[PDB]
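Asker: Below is one structure. I have some questions about it.
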Amino acid sequence: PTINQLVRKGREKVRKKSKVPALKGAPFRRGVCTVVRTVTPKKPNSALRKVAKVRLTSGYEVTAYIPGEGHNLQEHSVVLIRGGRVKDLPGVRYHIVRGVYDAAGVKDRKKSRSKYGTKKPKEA
Amino acid sequence: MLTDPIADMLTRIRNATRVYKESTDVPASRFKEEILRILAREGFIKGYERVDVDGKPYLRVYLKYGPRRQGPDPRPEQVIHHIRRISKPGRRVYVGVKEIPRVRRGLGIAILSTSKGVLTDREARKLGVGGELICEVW
RNA sequence: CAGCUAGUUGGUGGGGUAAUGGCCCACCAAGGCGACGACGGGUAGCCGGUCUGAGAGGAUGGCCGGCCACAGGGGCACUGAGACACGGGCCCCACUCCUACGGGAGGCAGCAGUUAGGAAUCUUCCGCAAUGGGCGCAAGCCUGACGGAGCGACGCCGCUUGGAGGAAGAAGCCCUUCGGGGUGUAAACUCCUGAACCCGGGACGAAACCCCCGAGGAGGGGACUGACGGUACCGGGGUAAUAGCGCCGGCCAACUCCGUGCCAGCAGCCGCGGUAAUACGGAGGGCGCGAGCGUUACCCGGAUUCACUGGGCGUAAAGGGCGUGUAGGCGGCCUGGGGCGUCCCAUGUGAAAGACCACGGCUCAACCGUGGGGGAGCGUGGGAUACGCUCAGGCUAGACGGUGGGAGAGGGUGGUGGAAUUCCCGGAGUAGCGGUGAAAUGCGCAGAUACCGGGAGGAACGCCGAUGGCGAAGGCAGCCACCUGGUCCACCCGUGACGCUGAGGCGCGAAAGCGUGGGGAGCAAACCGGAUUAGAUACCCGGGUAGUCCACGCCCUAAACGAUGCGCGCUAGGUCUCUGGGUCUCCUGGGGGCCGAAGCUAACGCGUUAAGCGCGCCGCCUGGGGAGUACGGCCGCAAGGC
RNA sequence: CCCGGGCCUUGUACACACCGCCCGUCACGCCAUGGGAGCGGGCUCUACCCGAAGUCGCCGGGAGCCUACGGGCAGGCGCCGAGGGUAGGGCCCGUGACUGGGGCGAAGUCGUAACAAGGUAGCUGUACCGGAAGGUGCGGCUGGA
RNA sequence: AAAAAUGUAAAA
RNA sequence: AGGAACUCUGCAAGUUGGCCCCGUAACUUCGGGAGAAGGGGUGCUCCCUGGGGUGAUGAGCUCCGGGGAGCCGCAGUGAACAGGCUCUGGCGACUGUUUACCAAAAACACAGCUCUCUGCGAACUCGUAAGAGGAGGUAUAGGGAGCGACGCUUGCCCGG
Ligand SMILES: [Mg+2]
Ligand SMILES: [Mg+2]
Ligand SMILES: [Mg+2]
Ligand SMILES: [Mg+2]
Ligand SMILES: [Mg+2]
Ligand SMILES: [Mg+2]
Ligand SMILES: [Mg+2]
Ligand SMILES: [Mg+2]
Ligand SMILES: [Mg+2]
Ligand SMILES: [Mg+2]
Ligand SMILES: [Mg+2]
Ligand SMILES: [Mg+2]
Ligand SMILES: [Mg+2]
Ligand SMILES: [Mg+2]
Ligand SMILES: [Mg+2]
Ligand SMILES: [Mg+2]
Ligand SMILES: [Mg+2]
Ligand SMILES: [Mg+2]
Ligand SMILES: [Mg+2]
Ligand SMILES: [Mg+2]
Ligand SMILES: [Mg+2]
Ligand SMILES: [Mg+2]
Ligand SMILES: [Mg+2]
Ligand SMILES: [Mg+2]
Ligand SMILES: [Mg+2]
Ligand SMILES: [Mg+2]
Ligand SMILES: [Mg+2]
Ligand SMILES: [Mg+2]
Ligand SMILES: [Mg+2]
Ligand SMILES: [Mg+2]
Ligand SMILES: [Mg+2]
Ligand SMILES: [Mg+2]
Ligand SMILES: [Mg+2]
Ligand SMILES: [Mg+2]
Ligand SMILES: [Mg+2]
Ligand SMILES: [Mg+2]
Ligand SMILES: [Mg+2]
Ligand SMILES: [Mg+2]
Ligand SMILES: [Mg+2]
Ligand SMILES: [Mg+2]
Ligand SMILES: [Mg+2]
Ligand SMILES: [Mg+2]
Ligand SMILES: [Mg+2]
Ligand SMILES: [Mg+2]
Ligand SMILES: [Mg+2]
Ligand SMILES: [Mg+2]
Ligand SMILES: [Mg+2]
Ligand SMILES: [Mg+2]
Ligand SMILES: [Mg+2]
Ligand SMILES: [Mg+2]
Ligand SMILES: [Mg+2]
Ligand SMILES: [Mg+2]
Ligand SMILES: [Mg+2]
Ligand SMILES: [Mg+2]
Ligand SMILES: [Mg+2]
Ligand SMILES: [Mg+2]
Ligand SMILES: [Mg+2]
Ligand SMILES: [Mg+2]
Ligand SMILES: [Mg+2]
Ligand SMILES: [Mg+2]
Ligand SMILES: [Mg+2]
Ligand SMILES: [Mg+2]
Ligand SMILES: [Mg+2]
Ligand SMILES: [Mg+2]
Ligand SMILES: [Mg+2]
Ligand SMILES: [Mg+2]
Ligand SMILES: [Mg+2]
Ligand SMILES: [Mg+2]
Ligand SMILES: [Mg+2]
Ligand SMILES: [Mg+2]
Ligand SMILES: [Mg+2]
Ligand SMILES: [Mg+2]
Ligand SMILES: [Mg+2]
Ligand SMILES: [Mg+2]
Ligand SMILES: [Mg+2]
Ligand SMILES: [Mg+2]
Ligand SMILES: [Mg+2]
Ligand SMILES: [Mg+2]
Ligand SMILES: [Mg+2]
Ligand SMILES: [Mg+2]
Ligand SMILES: [Mg+2]
Ligand SMILES: [Mg+2]
Ligand SMILES: [Mg+2]
Ligand SMILES: [Mg+2]
Ligand SMILES: [Mg+2]
Ligand SMILES: [Mg+2]
Ligand SMILES: [Mg+2]
Ligand SMILES: [Mg+2]
Ligand SMILES: [Mg+2]
Ligand SMILES: [Mg+2]
Ligand SMILES: [Mg+2]
Ligand SMILES: [Mg+2]
Ligand SMILES: [Mg+2]
Ligand SMILES: [Mg+2]
Ligand SMILES: [Mg+2]
Ligand SMILES: [Mg+2]
Ligand SMILES: [Mg+2]
Ligand SMILES: [Mg+2]
Ligand SMILES: [Mg+2]
Ligand SMILES: [Mg+2]
Ligand SMILES: [Mg+2]
Ligand SMILES: [Mg+2]
Ligand SMILES: [Mg+2]
Ligand SMILES: [Mg+2]
Ligand SMILES: [Mg+2]
Ligand SMILES: [Mg+2]
Ligand SMILES: [Mg+2]
Ligand SMILES: [Mg+2]
Ligand SMILES: [Mg+2]
Ligand SMILES: [Mg+2]
Ligand SMILES: [Mg+2]
Ligand SMILES: [Mg+2]
Ligand SMILES: [Mg+2]
Ligand SMILES: [Mg+2]
Ligand SMILES: [Mg+2]
Ligand SMILES: [Mg+2]
Ligand SMILES: [Mg+2]
Ligand SMILES: [Mg+2]
Ligand SMILES: [Mg+2]
Ligand SMILES: [Mg+2]
Ligand SMILES: [Mg+2]
Ligand SMILES: [Mg+2]
Ligand SMILES: [Mg+2]
Ligand SMILES: [Mg+2]
Ligand SMILES: [Mg+2]
Ligand SMILES: [Mg+2]
Ligand SMILES: [Mg+2]
Ligand SMILES: [Mg+2]
Ligand SMILES: [Mg+2]
Ligand SMILES: [Mg+2]
Ligand SMILES: [Mg+2]
Ligand SMILES: [Mg+2]
Ligand SMILES: [Mg+2]
Ligand SMILES: [Mg+2]
Ligand SMILES: [Mg+2]
Ligand SMILES: [Mg+2]
Ligand SMILES: [Mg+2]
Ligand SMILES: [Mg+2]
Ligand SMILES: [Mg+2]
Ligand SMILES: [Mg+2]
Ligand SMILES: [Mg+2]
Ligand SMILES: [Mg+2]
Ligand SMILES: [Mg+2]
Ligand SMILES: [Mg+2]
Ligand SMILES: [Mg+2]
Ligand SMILES: [Mg+2]
Ligand SMILES: [Mg+2]
Ligand SMILES: [Mg+2]
Ligand SMILES: [Mg+2]
Ligand SMILES: [Mg+2]
Ligand SMILES: [Mg+2]
Ligand SMILES: [Mg+2]
Ligand SMILES: [Mg+2]
Ligand SMILES: [Mg+2]
Ligand SMILES: [Mg+2]
Ligand SMILES: [Mg+2]
Ligand SMILES: [Mg+2]
Ligand SMILES: [Mg+2]
Ligand SMILES: [Mg+2]
Ligand SMILES: [Mg+2]
Ligand SMILES: [Mg+2]
Ligand SMILES: [Mg+2]
Ligand SMILES: [Mg+2]
Ligand SMILES: [Mg+2]
Ligand SMILES: [Mg+2]
Ligand SMILES: [Mg+2]
Ligand SMILES: [Mg+2]
Ligand SMILES: [Mg+2]
Ligand SMILES: [Mg+2]
Ligand SMILES: [Mg+2]
Ligand SMILES: [Mg+2]
Ligand SMILES: [Mg+2]
Ligand SMILES: [Mg+2]
Ligand SMILES: [Mg+2]
Ligand SMILES: [Mg+2]
Ligand SMILES: [Mg+2]
Ligand SMILES: [Mg+2]
Ligand SMILES: [Mg+2]
Ligand SMILES: [Mg+2]
Ligand SMILES: [Mg+2]
Ligand SMILES: [Mg+2]
Ligand SMILES: [Mg+2]
Ligand SMILES: [Mg+2]
Ligand SMILES: [Mg+2]
Ligand SMILES: [Mg+2]
Ligand SMILES: [Mg+2]
Ligand SMILES: [Mg+2]
Ligand SMILES: [Mg+2]
Ligand SMILES: [Mg+2]
Ligand SMILES: [Mg+2]
Ligand SMILES: [Mg+2]
Ligand SMILES: [Mg+2]
Ligand SMILES: [Mg+2]
Ligand SMILES: [Mg+2]
Ligand SMILES: [Mg+2]
Ligand SMILES: [Mg+2]
Ligand SMILES: [Mg+2]
Ligand SMILES: [Mg+2]
Ligand SMILES: [Mg+2]
Ligand SMILES: [Mg+2]
Ligand SMILES: [Mg+2]
Ligand SMILES: [Mg+2]
Ligand SMILES: [Mg+2]
Ligand SMILES: [Mg+2]
Ligand SMILES: [Mg+2]
């Protein structure tokens, strides 16, 4: 543009919205797992993904993905939301924390125990 | 009606030099003289003098160039590598004494209009004054 | 969010306060504010500072420091130098508790501590010993301010889990061309040190108020007190003494084996997995980092992806459809005063904490003390005048005007000419015409087609006519006249910077469409029929309405296309065309088209008719889809448009 | 001319490359969203009615107390006044039978409109019409020859 | 100036 | 005391009622919706005061009004005259007309739309006729038919 154009109009501020509606951007939100079902993946994949809708205590209701090999969440489990979408499942924009509350960790796991919530074992 | 005589003037030089002309004219003016005055003081023009274009006081700016070049496309060197205006009639650029720019680490010059005359990028600094940054040359 | 305002704006007089003031009252006058964004809505305490960043900028205001505001919600005034008063008071509201039912108590957004909520945030500690505060002649009293401890890898910093040696190289584990390779000096083991732990000693922080001579002062000499603490620190005695997390396809540093078989599962981006995966899981090994590693979240960065620095708009997102002009923005050559912008000096200022540099303190650091530096901006005084600005005088190069000529499908009105189509009348004449790729529907023995004469009506204008001209765009063609805009060249005659651009606004704006009235030849959505086709709401054929035309009014869109906004300046030229000037195998001004110097460009391609070099102004773009939709607002009869 | 092949040229939205690609209705599932008889909820504006405490103003009289008799205090009325109440508008949020279109999907159905004269050049404003893409009309643009 | 429709879904 | 529980139906009755001022939505053909709604005032006494008519420019007379102080009752248009309101659907646009004497409507009439006849000695109507109306009008006129303001719009079928 010109100088006057800037003097009047001005550069429009960027401003970007969040990829995750988790309230106060709180690290993790707590909720009670309502539905615990397995949905089929999207375009390039097919491997029945263990997902679970969780009616937050913050009044919300979203779907979260359970990592690891299996789990133990029923119709009334409590759990935390990690926050992190899955490009293979339409709508799932929240991971589900492991080892926290009713949500147990992963059995047998060795490497990367951190993410999959598994207190280090003992070989001896 | 034009706007900044200097703007189009510096352009006369630019377009001319690009095609390697002997010299070019431009409506006579006080400030333009100062421009060439310094544009010769540091050595970028062979010189200048008021001429006539049908009863119209102009200014013949005699251009300076470099030695002939060997190899593909014998392009004669450009004395005035680059000259562009800074303080536009749109944006009047006023700089302070300890703000005056250093055109290409000294290799260049900043023709500006001080509050006590017209000086180079260094000359203005020496005298210890600031002014409107007309343009730079290198 | 586009208009807002009755104490509203101002005035006179008065009330009230420490004091000015619609702060408040009575009376009077209509003013006050706003696209430089009033009014509304949303959000939020502000700064010093902090975070990031090459800087400019962006983000931010936790701790400490300064100002502000509140003390359950909400109002009030009393006391006082000061309050609308956290630990005061009165009243209403919600809530809690007592109650002899008449009444009464109470406020942690003070330290600590509950409970709720949440992802998540500490002991109901010690002392007035130090510092500061209140009262007091003093002694001394109180002090959850503070000094200090306690819990939490929450952060930054220092340290420990050891050091030297030690096999051509244990054991196990992994790999293997079965030779060997790897873990790996790693360990075992030898030797030295010695955190932890033990014993003894054991602070600074403290001096002063208090006593004495002098004069109850100045000066000088004497005396009391330590929460932390029996802590840190000093000396001696002293045991090898916790290691974890992420990654290993590319980005990105780290490769192999088994298992699995589009399962399980990974995923930040691209992607991997469907029998041999360095990408899922385990292992061996390696890479990084270390009392940490890693995830999620949020901020700056990369992002020159809102571009001042520092973008761009022919086809990639983007020139407004075109014109007129309001604000605003910009400003030709010379001379003069002013000195507003701006430039320089001096000065007040910019407090402390911080950041930076320097020295120093705590064993170092973190932390901290001390000193030095210049700081943007603003206040005052002085100075300069170059360009911007401003008043003033002069010029003619921009723009305008005069005189004189020219070209043109520029526009509007009235009139008018031939050709041809259809129709009707009359003449003559007979079996077919028409139509397609083919054919049919259709038209004709009631006399068609073809041809001849007369008439009626509507619409469009052949040849001239083009690589043409004209206008702002849309757009404009037979012919004559009227009225009328724009444009060009010559004479350099007049004016004397009068200019460029243009948010909003005003006007124009193809075609289709709507409204009242008029006209209707041909053509022609829709619609009817024939044929093709699986189907054929279509391509072709036959018939046919609105519309196409006139008037007046509205609609306002388009591939409105050069897909290229407007204006002034500079930058080879060759070629032909429209038009104008001139003693003219040629020169000069305006317009149209091709090819190309330099140059720009992602390429194509542009290139004096720029997409070149440069200034001024508006318009506009910031991934695709969603969607030119939805809502709101405005316009319209509607369709629909902005 | 049919099938197959070669060199040059033109076009292209095709690139294990015309068995390529590709459009729209309809059908099933999913996600978000617009309108919707309404309902519910917050904030806000105006008019009026009631009106605590309290300052201020008046009275303090047929009534109380105080008094250096001039006055004071109590008390009463009034103004304003928190909030409460009634009626009516503005904005925002949630919700709602049904409905509109949109996005999404290894597979369906119906055609083939688009890219090659895509086998009627295509695109386009507007109009009309049809299961659907789309056809046709009036004009316009080449991004057609 | 050339009557004639259509090929779903797994690797460079 | 309650407040539509009555009943086919708030039928009837009751509520509201006049003026003054405040204030007033959806929607809309911008005219309206409007008296929308909802709400305040209304008497008497004293005092100040603005304007018009007549008339001399004022005295009296007379019309409409402004401000302040106060008095009495349960009640101030103190009696009589004197809308109850709102939301939503159907039909008909609307004012109008009708079954004198059980129906006032959604019926008819209407403006405006369309079709059709009629060229004047008009068509049509009454009359046997003369004649008259039409009309001392002339296709922007007249007769007949249907539809019924306005907006959007009106599809295919001549075989009978
Ligand atoms: Mg399970
Ligand atoms: Mg449990
Ligand atoms: Mg040369
Ligand atoms: Mg010279
Ligand atoms: Mg007042
Ligand atoms: Mg006063
Ligand atoms: Mg006063
Ligand atoms: Mg006070
Ligand atoms: Mg006043
Ligand atoms: Mg007044
Ligand atoms: Mg603003
Ligand atoms: Mg708020
Ligand atoms: Mg706030
Ligand atoms: Mg940067
Ligand atoms: Mg920094
Ligand atoms: Mg805090
Ligand atoms: Mg509280
Ligand atoms: Mg309170
Ligand atoms: Mg309060
Ligand atoms: Mg006090
Ligand atoms: Mg307290
Ligand atoms: Mg207090
Ligand atoms: Mg008891
Ligand atoms: Mg008792
Ligand atoms: Mg109390
Ligand atoms: Mg109390
Ligand atoms: Mg109380
Ligand atoms: Mg308490
Ligand atoms: Mg507390
Ligand atoms: Mg504390
Ligand atoms: Mg606590
Ligand atoms: Mg507790
Ligand atoms: Mg809890
Ligand atoms: Mg005592
Ligand atoms: Mg060693
Ligand atoms: Mg000692
Ligand atoms: Mg001492
Ligand atoms: Mg002493
Ligand atoms: Mg003392
Ligand atoms: Mg003494
Ligand atoms: Mg003494
Ligand atoms: Mg003393
Ligand atoms: Mg000890
Ligand atoms: Mg020791
Ligand atoms: Mg020791
Ligand atoms: Mg030893
Ligand atoms: Mg050892
Ligand atoms: Mg060891
Ligand atoms: Mg040892
Ligand atoms: Mg890593
Ligand atoms: Mg790996
Ligand atoms: Mg791995
Ligand atoms: Mg690598
Ligand atoms: Mg498996
Ligand atoms: Mg992994
Ligand atoms: Mg992908
Ligand atoms: Mg394998
Ligand atoms: Mg494989
Ligand atoms: Mg692996
Ligand atoms: Mg990987
Ligand atoms: Mg991986
Ligand atoms: Mg490992
Ligand atoms: Mg960022
Ligand atoms: Mg940036
Ligand atoms: Mg961007
Ligand atoms: Mg960009
Ligand atoms: Mg971005
Ligand atoms: Mg860009
Ligand atoms: Mg474009
Ligand atoms: Mg244009
Ligand atoms: Mg102006
Ligand atoms: Mg001057
Ligand atoms: Mg002077
Ligand atoms: Mg001077
Ligand atoms: Mg300055
Ligand atoms: Mg200074
Ligand atoms: Mg300063
Ligand atoms: Mg200083
Ligand atoms: Mg500063
Ligand atoms: Mg200082
Ligand atoms: Mg400072
Ligand atoms: Mg230094
Ligand atoms: Mg040092
Ligand atoms: Mg030091
Ligand atoms: Mg140091
Ligand atoms: Mg040191
Ligand atoms: Mg040191
Ligand atoms: Mg310091
Ligand atoms: Mg300092
Ligand atoms: Mg120094
Ligand atoms: Mg300054
Ligand atoms: Mg003339
Ligand atoms: Mg003409
Ligand atoms: Mg004509
Ligand atoms: Mg025959
Ligand atoms: Mg026939
Ligand atoms: Mg026959
Ligand atoms: Mg044209
Ligand atoms: Mg004319
Ligand atoms: Mg003319
Ligand atoms: Mg001439
Ligand atoms: Mg002359
Ligand atoms: Mg002249
Ligand atoms: Mg002249
Ligand atoms: Mg003159
Ligand atoms: Mg203009
Ligand atoms: Mg206007
Ligand atoms: Mg107009
Ligand atoms: Mg038309
Ligand atoms: Mg019409
Ligand atoms: Mg129509
Ligand atoms: Mg016809
Ligand atoms: Mg028919
Ligand atoms: Mg047909
Ligand atoms: Mg036809
Ligand atoms: Mg129609
Ligand atoms: Mg015509
Ligand atoms: Mg138009
Ligand atoms: Mg456009
Ligand atoms: Mg112009
Ligand atoms: Mg010529
Ligand atoms: Mg000339
Ligand atoms: Mg030319
Ligand atoms: Mg070219
Ligand atoms: Mg070149
Ligand atoms: Mg290039
Ligand atoms: Mg090229
Ligand atoms: Mg050229
Ligand atoms: Mg030229
Ligand atoms: Mg040329
Ligand atoms: Mg988008
Ligand atoms: Mg549109
Ligand atoms: Mg709308
Ligand atoms: Mg538009
Ligand atoms: Mg050959
Ligand atoms: Mg050959
Ligand atoms: Mg070849
Ligand atoms: Mg592709
Ligand atoms: Mg195909
Ligand atoms: Mg393919
Ligand atoms: Mg909704
Ligand atoms: Mg509601
Ligand atoms: Mg509010
Ligand atoms: Mg008493
Ligand atoms: Mg009161
Ligand atoms: Mg009151
Ligand atoms: Mg009140
Ligand atoms: Mg109130
Ligand atoms: Mg209300
Ligand atoms: Mg309301
Ligand atoms: Mg709603
Ligand atoms: Mg729906
Ligand atoms: Mg329906
Ligand atoms: Mg679509
Ligand atoms: Mg599908
Ligand atoms: Mg199927
Ligand atoms: Mg499909
Ligand atoms: Mg087509
Ligand atoms: Mg084509
Ligand atoms: Mg094409
Ligand atoms: Mg079309
Ligand atoms: Mg055109
Ligand atoms: Mg060709
Ligand atoms: Mg042909
Ligand atoms: Mg099919
Ligand atoms: Mg395929
Ligand atoms: Mg009763
Ligand atoms: Mg009822
Ligand atoms: Mg009934
Ligand atoms: Mg009665
Ligand atoms: Mg009344
Ligand atoms: Mg009455
Ligand atoms: Mg009323
Ligand atoms: Mg009503
Ligand atoms: Mg009323
Ligand atoms: Mg009333
Ligand atoms: Mg009279
Ligand atoms: Mg009289
Ligand atoms: Mg009364
Ligand atoms: Mg209905
Ligand atoms: Mg009716
Ligand atoms: Mg009626
Ligand atoms: Mg009607
Ligand atoms: Mg009707
Ligand atoms: Mg009658
Ligand atoms: Mg009658
Ligand atoms: Mg009657
Ligand atoms: Mg009757
Ligand atoms: Mg009756
Ligand atoms: Mg009636
Ligand atoms: Mg009737
Ligand atoms: Mg009727
Ligand atoms: Mg009608
Ligand atoms: Mg008869
Ligand atoms: Mg007659
Ligand atoms: Mg007659
Ligand atoms: Mg007559
Ligand atoms: Mg008629
Ligand atoms: Mg009817
Ligand atoms: Mg009807
Ligand atoms: Mg119709
Ligand atoms: Mg019909
Ligand atoms: Mg039909
Ligand atoms: Mg018939
Ligand atoms: Mg027939």
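Just so it is clear, none of the values below were taken in a lab; they were calculated from the coordinates. For neighbour counting, all protein chains shown are included, and Cβ atoms are generated from backbone atoms with ideal geometry for every residue, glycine included.
Asker: Which whole-angstrom value gives the distance between the alpha carbon centres of region A:85-122 and region B:65-104?
Answerer: That distance is 63 Å.
Asker: Further question: Give me a comma-separated list of calculated 3J(HN,Hα) values for region B:94-109, in order, Karplus coefficients 6.51, -1.76, 1.60 applied at θ = phi - 60°, integers in Hz, x for any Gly or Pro.
Answerer: Ordered by residue, 3J(HN,Hα) equals 9, 10, x, 4, 8, 9, 3, x, 10, 4, 6, 6, x, 3, x, 9 Hz.
Asker: Calculated FRET efficiency, A:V20 and A:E69, Cβ-Cβ r, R0 35 Å, to nearest 0.05?
Answerer: E between A:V20 and A:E69, to the nearest 0.05, is 0.85.
Asker: For the cross-link pairs A:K50/A:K119; B:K21/B:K126; A:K53/A:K87; A:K50/A:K110; A:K9/B:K32, which exceed 24 Å when the distance is taken from alpha carbon to alpha carbon?
Answerer: Violating the 24 Å Cα-Cα cut-off are B:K21/B:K126; A:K9/B:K32.
Asker: Per-residue HN-Hα couplings for region A:6-13, Karplus 6.51 cos²θ - 1.76 cosθ + 1.60 at θ = phi - 60°, whole Hz, x for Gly and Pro?
Answerer: After applying 6.51 cos²θ - 1.76 cosθ + 1.60, I find 6, 3, 8, 4, x, 5, 6, 5 Hz.
Asker: On to the next question. For a quick check of your reading of the filter: which chymotrypsin sites (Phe, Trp or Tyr not before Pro) in region A:1-91 sit in a DSSP loop and have no more than 16 other Cβ atoms within 10 Å?
Answerer: A:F28, A:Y60
Asker: Considering only the other residues whose Cβ falls under 11 Å of the Cβ of B:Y62, what net charge follows from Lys and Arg at +1 and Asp and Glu at -1?
Answerer: That works out to +1.
Asker: Net charge around B:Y20, counting only other residues with Cβ within less than 13 Å of its Cβ (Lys, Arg = +1; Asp, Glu = -1)?
Answerer: Counting the neighbours of B:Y20, the net charge comes to +4.
Asker: Return the Cα extents of the protein assembly as shown along principal axes one, two and three, sorted largest first, each rounded to a whole Å.
Answerer: Here the spans come out as 99, 49, 41 Å, largest first.
Asker: With each pseudo-label sitting 7 Å past Cα toward Cβ, what's the A:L6-A:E61 distance in nm, one decimal?
Answerer: Computed distance between label sites A:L6 and A:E61 equals 5.1 nm.
Asker: Taking amide H positions as placed 1.01 Å from N in the peptide plane, with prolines and chain starts having none, which residues 5 or more places from B:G131, or on another chain, fall under 5 Å of its amide H?
Answerer: B:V95
Asker: Explain nothing, just the number: relative contact order of region B:81-138, from Cα pairs under 8 Å at least 6 residues apart, as a whole percent.
Answerer: Computed value for region B:81-138: 47 percent relative contact order.
Asker: Order of B:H81, A:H71, A:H76 from fewest to most other C-beta atoms within 10 Å?
Answerer: Going from sparsest to densest Cβ surroundings: A:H76, B:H81, A:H71.
Asker: Calculate the spin-label point distance for A:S112 paired with B:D52, positioning each point 7 Å from the Cα along the beta-carbon direction, and give it in nanometres.
Answerer: 9.0
Asker: If neighbour count is taken as other Cβ atoms inside 10 Å, put A:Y94, B:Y20 in order from fewest to most.
Answerer: The fewest-first ordering by Cβ neighbours comes to B:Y20, A:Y94.
Asker: Over chain A, what is the relative contact order in whole percent, taking alpha-carbon pairs under 8 Å and six or more residues apart?
Answerer: Result for chain A is 20 percent.
Asker: Which one, B:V61, B:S115, B:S29, is farthest towards the positive end of the dipole of chain B when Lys and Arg carry +1 and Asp and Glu -1 on their Cβ?
Answerer: Farthest along the dipole direction, towards plus: B:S115.
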